[PDB]
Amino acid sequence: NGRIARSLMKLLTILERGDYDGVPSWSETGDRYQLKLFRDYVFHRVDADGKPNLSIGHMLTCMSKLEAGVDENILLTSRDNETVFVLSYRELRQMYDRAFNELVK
């Protein structure tokens, strides 16, 4: 099927575009900030002492739950721990889809 590969490519397509510079929705007060934090949650994990946690099981599991839009909640946090969200994969899937559609139209 290859849904995860396509979802990974959608993440790369959606996130960190140069055109987002100076756009409020992608700032820490904007309504798409959680999309950056989800990327951090999955792919920029570290243990205590700061060593990258590159566990592939975590990555594929999170991407799979995202694709299925399951009701499970996860804790998204900024690096400085001053932003803390509780979001479901269900909501995150909807939010990524919204961001993607902004690129299509």
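Each residue number is its position in the shown sequence, starting from 1.
Visitor: Out of 74-82 and 49-57, which one has CA B-factors that are higher on average in the deposited record?
Guide: Comparing averages over the C-alpha atoms only gives 49-57.
Visitor: On average, are the C-alpha B-factors higher in 65-73 or in 36-44?
Guide: Higher mean C-alpha B-factor: 65-73.
Visitor: Tell me, please, which of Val23, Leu87, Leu15, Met9 has the highest C-alpha B factor according to the deposited entry?
Guide: Largest recorded C-alpha B-factor: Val23.
Visitor: Divide the modelled residues of the chain into thirds by Cα B-factor and specify which third, lowest, middle or highest, holds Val104.
Guide: Highest third, going by the recorded CA B-factors of the chain.
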